[PDB]
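Reconstructed Cβ throughout: ideal geometry from the backbone, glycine too, with neighbour counts over all protein chains shown. Basis: the model, the stated rules and, where named, an outside source; no laboratory read-out is quoted.
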Amino acid sequence: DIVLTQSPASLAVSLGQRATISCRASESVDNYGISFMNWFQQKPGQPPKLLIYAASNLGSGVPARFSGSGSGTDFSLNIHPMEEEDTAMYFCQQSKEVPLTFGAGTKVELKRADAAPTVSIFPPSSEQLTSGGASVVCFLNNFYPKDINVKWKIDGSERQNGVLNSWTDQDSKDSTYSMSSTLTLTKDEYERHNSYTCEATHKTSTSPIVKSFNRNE
Amino acid sequence: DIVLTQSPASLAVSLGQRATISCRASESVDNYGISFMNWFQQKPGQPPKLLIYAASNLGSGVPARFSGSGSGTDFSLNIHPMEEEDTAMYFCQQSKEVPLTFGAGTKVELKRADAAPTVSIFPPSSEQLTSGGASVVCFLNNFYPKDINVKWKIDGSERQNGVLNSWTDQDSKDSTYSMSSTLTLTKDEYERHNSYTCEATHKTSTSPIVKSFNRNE
Amino acid sequence: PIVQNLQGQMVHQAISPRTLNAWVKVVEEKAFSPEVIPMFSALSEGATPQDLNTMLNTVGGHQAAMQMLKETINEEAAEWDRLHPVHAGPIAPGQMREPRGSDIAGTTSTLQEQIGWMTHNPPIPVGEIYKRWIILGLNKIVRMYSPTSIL
Amino acid sequence: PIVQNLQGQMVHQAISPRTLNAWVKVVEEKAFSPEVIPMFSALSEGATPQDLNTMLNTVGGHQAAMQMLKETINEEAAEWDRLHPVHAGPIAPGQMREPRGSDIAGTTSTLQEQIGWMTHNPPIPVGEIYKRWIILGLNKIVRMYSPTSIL
Amino acid sequence: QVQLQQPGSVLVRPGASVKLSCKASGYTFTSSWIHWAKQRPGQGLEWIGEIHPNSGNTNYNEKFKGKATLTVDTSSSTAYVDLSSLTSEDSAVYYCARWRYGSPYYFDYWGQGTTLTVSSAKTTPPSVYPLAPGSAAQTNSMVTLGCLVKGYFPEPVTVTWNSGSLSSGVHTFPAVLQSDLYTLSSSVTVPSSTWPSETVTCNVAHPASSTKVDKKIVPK
Amino acid sequence: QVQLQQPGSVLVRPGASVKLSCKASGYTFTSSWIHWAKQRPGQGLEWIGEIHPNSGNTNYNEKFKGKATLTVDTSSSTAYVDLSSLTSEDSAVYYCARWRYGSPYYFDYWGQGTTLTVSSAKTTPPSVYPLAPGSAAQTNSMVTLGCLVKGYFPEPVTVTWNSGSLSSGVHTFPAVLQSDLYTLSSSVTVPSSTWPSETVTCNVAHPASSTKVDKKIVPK
Ligand SMILES: [Pb+2]
Ligand SMILES: [Pb+2]
């Protein structure tokens, strides 16, 4: 094949500013005075979108805000002015050799001001318990930066086993992130304890942002 | 270099007939649809003469009687109708590679009816003897074929030491050959003998054609 | 030409000046009107890439359109290369080699080479292929540059 | 062209259609009269072997003369080879190589190659040399085919 | 309106094979090369190969050479990819893309892509559970609720709030595969003076198991 | 009337050198390549090399590379070949030929060639001796006579019969080199009723030793 190395895995571009990602091919993607390096964008859930073809030729219906540059081995997709909806995954593909290849992509996230995670914990509904099981669901919503550390406290004792996590893609509107922590255990386990705490550490506050409840009602 | 091998050393072509000599190069003397093999003729004493250039192109002032043919590696100079004056040496040269090369040549002799050698022997003139030397000169003239075997007989004893020979080129007119044998010795040696004999064996007579003289006068 | 009705082997002839001169007059009298394409193909009877390059060069009147045609030739030539990976490379110099875009276009192929492709087991119609790309260039011009207005 | 006044390095331009078309009309209006040679050279300002081949090809009106010109090009191309022994052979494929007659003539040389010779340590004027051979072909024609009689 | 339509999702057991489609429409199918691309969730696009409808010529990626076979059906404008000896790895979204026929060459149209699942797990409906807080949720005029759809298979499930009408404030998190089973959640935020006296129900539809349920989040 | 004129003959002792000439005339010297060829009596033609007057370019035969050096003097239309470390082998006829300037390429003109003699022997006049038979010579109205020019050096000697007027019937045989000395003979045939009462003299001229002699063949 003909490998393409994309510079950063992720890049946080503040609104109004310029996003610069680069793609470097193991070979010169040139031919007949044409640099065949293409740039695509991709919003979670949908197929790719051509932004720039021929290294610098903007595609049809692509805002002028997206620009391309490069020749032979080094290329770069430049976004400016960076606007909110631009949270997407970006890939570069060489349309030069028969085995067309893609870049590992760059995750261009919009850098919004920091925001504190709206933590909110929920006890296992009666129904899950009758089901012989019990999961305490916790929502850490609308936060920024992406990095958040949730931690559980069963009766104060740091529970770290039986907890799964899922995050959301950066909201291409309010540029925030949202995840959820789900402690799962047995109805028995649940009844073998009393107080429960979802605890998160995130730059928007040095102190643990926490939510809790005691089985007792 | 690029060697050129010429077929026969000699070739006797009867008048009116066709002489065919060939030249074979180690390589193809072709280029841009042209066989660069040239044919020259040479009369004893003078420089060569171009007959055919470009393997088959007759030169200027060359009778149509001479023809050329060949391509790549094999070529042939074809004379027809063979006429007397054509007794000459023929060479072929490749005007293709930087080190132009010539063929070892072919000696095309005209085949005339056989003719007996007009032998005639001469004693050492008085003057040569006073010079302290003595050479008995013998002329074997106007013969054909070229092959003649002269032999001396000092008083009957076959003298074969102290005898030099020289032949003549085929006479481009009467097509005959002519040579001479010269027995050289000391005046003493000469006086130490009596009878002398020039003896030639030539197809025009099975018996030895001989000429002799005895010192006595 | 050579690839006329394929009823010609290593056979070839230089484009008759009659035909070449005809191309000139054609574009000279009709310019780049839609009829420039048909007459082009007619005066291009399965010719060699060079003969074609000669024709184009003959009536390359204004860098304006010639640019549109040039850009297209290059793009088509490059595309050809994309799907012609030279499958692991043409290892060792001496092989006739697979025709490349610049080769079919004439820039990197010798007249003899073009003949070779046009006379080989399976015949690579380098001139015919190239004749297709050029036409794509011509008809793109005509489209975005030919008539006047709603007259 | 490129070898105009040599005041051009790797620089090169395709023969302006103005010049090419001019060659056509020239032979068209004057045929092979003695004036065909001078105008030829003028519209041949140090051009590349291909540009020259284009010109000749453009006005190769009748196989009669085109034969005389052809035979001469070949003979001159071959002579060049004679005194250019490739001295012990161009050992190992990869070298630019010494230009061969068929190369200088354009048959076995790529457009890029011709450029290379015209832009290198000891510039080999392939086009200029070829331009000389062609002229020898043209003037041999003119001599043995040009005027009518003692009019 | 060139349409490259292809199956939403497909579930196959390992060791099997599947022929994915891409019924082209809008344009003259034989004009452009159909390409196929694979993308594993949380990964870029791999090139499987390409095929030209009017000639059958193909160019596969050496990697996929042996796994994927590209076919077509000019008659019914459809390109196919047959994936052999399917294994868990093969589970990824497979897009089919048209390569524009014209001079400017590049991927000009993409199908929405088919999600493949190569698993042993069996189709199970989602155990939907309602989530309501104790009493603490009382800040800034906003209260949070949400459904936990647990233990289903395979993906996907379409969760909506109030028949889709309750859009703003929802966060439907991605599904994790806990032991050959999925589990996800979808939080909805209501303006304090609402839910205890307003309908806030989630509509959990799971097409695979032909199960759709509604859980009106009620105060416990 | 292009003239390629070059020295008749030359005599040098071994270990020496000689610069042979070829004064071209008739045609514009700088137009064609001068070639040099060596031919040993009783042998074909070797190619020594070629040189182009208006450029000095040369092409020598590898064999001769080291022995012969090709030069020119455009000023005085003359091509030269300098033979180094001359030895007995060098003794051969050296022709200078023009290679025509025009399209049809080939040797179009040759100089009469210069005969070289690399020897130690010293110039000695020819001992001319008369030859007349005893009495036997009396057949077919023809009697044979002749001169034996013996022991001269170097070649050549011009033998003639009766100041050249007696041509028909003469056979001037080639000269053999018997121990650094030459010897030859020239038989003349007269019509029986002639020589005993008619002038039959040989004129042996040897330019090298400035010796010319006449031997009236007289009955002994
Ligand atoms: Pb803005
Ligand atoms: Pb006759």
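Among the numbered conditions (1) surrounded by fewer than 17 Cβ atoms within 10 Å (Cβ to Cβ); (2) over 15 Å from residue E:180 (Cα atoms); (3) in contact with a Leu (Cβ under 8 Å, 6 or more places away or on another chain), the only one that residue E:128 does not meet is (1).
Here residue E:96 passes the criteria (1) assigned to a loop (DSSP other than H, G, I, E, B); (2) buried (at least 19 other Cβ atoms within 10 Å of the Cβ) except the one numbered (1). Considering only residues in segment A:2-50 that are closer than 24 Å to residue E:113 by Cα and within 14 Å of chain C (Cβ to nearest Cβ), the one that is nearest to ligand 2 (Cβ to nearest atom) turns out to be A:37. For residue F:144, the conditions (1) without any contact (Cβ under 8 Å) to a residue 40 or more places away in the chain; (2) part of a strand (DSSP E or B) are fulfilled apart from (1). Exactly one residue among D:31, D:105 is among the aliphatic types (A, V, I, L, M) and at negative phi, and that residue is D:105. A count restricted to segment D:79-103 and to residues that are in contact with a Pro (Cβ under 6 Å, 6 or more places away or on another chain) and surrounded by 17 or more Cβ atoms within 10 Å (Cβ to Cβ) stands at 0.
Can you find even one residue in segment A:78-94 that is within 14 Å of chain C (Cβ to nearest Cβ) and surrounded by 18 or more Cβ atoms within 10 Å (Cβ to Cβ)? Working first, answer last.
First, pick out the residues of segment A:78-94 that are within 14 Å of chain C (Cβ to nearest Cβ): A:93-94.
With the extra rule that they be surrounded by 18 or more Cβ atoms within 10 Å (Cβ to Cβ), the set shrinks to A:93-94.
Yes, because at least one residue in segment A:78-94 is within 14 Å of chain C (Cβ to nearest Cβ) and surrounded by 18 or more Cβ atoms within 10 Å (Cβ to Cβ).
Could you please let me know if residue E:120 is more than 14 Å from chain A (Cβ to nearest Cβ), over 24 Å from residue A:45 (Cβ atoms) and of a type outside the set (A, V, I, L, M, F, W, C)? Against the criterion (more than 14 Å from chain A (Cβ to nearest Cβ), over 24 Å from residue A:45 (Cβ atoms) and of a type outside the set (A, V, I, L, M, F, W, C)), residue E:120 qualifies.
Per this entry, residue A:102 is counted among residues that are away from ligand 2 (no atom under 16 Å from the Cβ) and in contact (Cβ under 8 Å) with a residue 40 or more places away in the chain.
Could you identify the single residue in F:131, F:166 that is more than 18 Å from the chain's Cα centre (by Cα) and facing chain B (nearest Cβ under 10 Å)? Lay out the reasoning, then the answer.
Numbers: F:166 fails: facing chain B (nearest Cβ under 10 Å).
None of the other options fit; the residue is F:131.
Here residue A:144 meets the list (1) out of contact with any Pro (no Cβ under 7 Å at 6 or more places or on another chain); (2) under 17 Å from residue A:213 (Cα atoms) almost entirely, failing just condition (2). Got at least one residue in segment E:193-203 being within 17 Å of the chain's Cα centre (by Cα), crowded, with 19+ Cβ neighbours inside 10 Å and not assigned by CATH to the domain that holds residue E:84? The answer is no, given that none of the residues of segment E:193-203 is within 17 Å of the chain's Cα centre (by Cα), crowded, with 19+ Cβ neighbours inside 10 Å and not assigned by CATH to the domain that holds residue E:84. If residue F:144 passes every condition in (1) of a type outside the set (A, V, I, L, M); (2) surrounded by fewer than 21 Cβ atoms within 10 Å (Cβ to Cβ); (3) more than 30 Å from residue F:11 (Cβ to Cβ) but one, which one does it miss? So the condition that residue F:144 fails would be (2). For residue A:118, the conditions (1) under 20 Å from the mean Cα position of the chain (by Cα); (2) outside the structural domain of residue A:192 (by CATH); (3) not aromatic (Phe, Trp, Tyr) all hold with the exception of (2).
If a residue counts only when it is within 13 Å of chain A (Cβ to nearest Cβ) and crowded, with 16+ Cβ neighbours inside 10 Å, which strands (runs of 3 or more DSSP E) contained entirely in segment E:10-73 have at least 2 such residues? Outline the logic, then answer.
Numbers: elements: E:18-20, E:23-25, E:33-39, E:46-51, E:58-60, E:68-73.
By residue number, E:33-39, E:46-51, E:58-60.
Only one of these is farther than 30 Å from residue D:105 by Cα, touching a residue at least 12 places away in the same chain (Cβ under 8 Å) and crowded, with 21+ Cβ neighbours inside 10 Å: B:48, B:8. Name it. Break it down stepwise before answering.
Values: B:8 fails: crowded, with 21+ Cβ neighbours inside 10 Å.
One residue alone meets the criteria, B:48.
Checking the structure you have, find out if any residue of segment A:32-54 is closer than 30 Å to residue C:87 by Cα, assigned to a loop (DSSP other than H, G, I, E, B), of a type in the set (S, T, N, Q) and away from ligand 1 (no atom under 16 Å from the Cβ). No, segment A:32-54 contains no residue that is closer than 30 Å to residue C:87 by Cα, assigned to a loop (DSSP other than H, G, I, E, B), of a type in the set (S, T, N, Q) and away from ligand 1 (no atom under 16 Å from the Cβ).
Of all residues in segment B:112-134, exactly one satisfies the criterion of being surrounded by fewer than 16 Cβ atoms within 10 Å (Cβ to Cβ), of a type in the set (D, E, K, R) and away from chain F (no Cβ under 11 Å), namely B:114.
Kindly provide the set of residues from segment B:11-27 that are closer than 16 Å to residue B:107 by Cβ and either buried (at least 16 other Cβ atoms within 10 Å of the Cβ) or within 16 Å of ligand 1 (Cβ to nearest atom) (or both), ordered by number. Write out each step before concluding.
Keep residues of segment B:11-27 that are closer than 16 Å to residue B:107 by Cβ, which gives B:11-14, B:19-23.
B:11, B:12, B:13, B:19, B:20, B:21, B:22, B:23 - these are the residues of segment B:11-27 that are closer than 16 Å to residue B:107 by Cβ and either buried (at least 16 other Cβ atoms within 10 Å of the Cβ) or within 16 Å of ligand 1 (Cβ to nearest atom) (or both).
If I filter segment B:57-74 for residues that are more than 16 Å from ligand 1 (Cβ to nearest atom), surrounded by fewer than 16 Cβ atoms within 10 Å (Cβ to Cβ), of a type in the set (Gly, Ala, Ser) and in contact (Cβ under 8 Å) with a residue 40 or more places away in the chain, do I get at least one hit? Yes, there is a match, as at least one residue in segment B:57-74 is more than 16 Å from ligand 1 (Cβ to nearest atom), surrounded by fewer than 16 Cβ atoms within 10 Å (Cβ to Cβ), of a type in the set (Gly, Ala, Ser) and in contact (Cβ under 8 Å) with a residue 40 or more places away in the chain.
Okay, residues lined up against (1) more than 9 Å from every other protein chain (Cβ to nearest Cβ); (2) of a type outside the set (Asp, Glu); (3) farther than 30 Å from residue F:51 by Cβ:
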| residue | (1), (2), (3) |
| --- | --- |
| D:3 | yes, yes, no |
| D:20 | no, yes, yes |
| D:29 | yes, no, yes |
| D:33 | yes, yes, yes |
| D:58 | no, yes, yes |
| D:71 | no, no, no |
| D:80 | yes, yes, no |
| D:83 | no, yes, no |
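Of all the criteria given as (1) closer than 29 Å to residue D:36 by Cβ; (2) in a helix (DSSP H, G or I); (3) more than 8 Å from every other protein chain (Cβ to nearest Cβ), the one not satisfied by residue D:102 is (3).
Scanning segment B:149-194 for residues that are surrounded by 14 or more Cβ atoms within 10 Å (Cβ to Cβ), part of a strand (DSSP E or B) and small (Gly, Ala, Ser) yields a count of 4.
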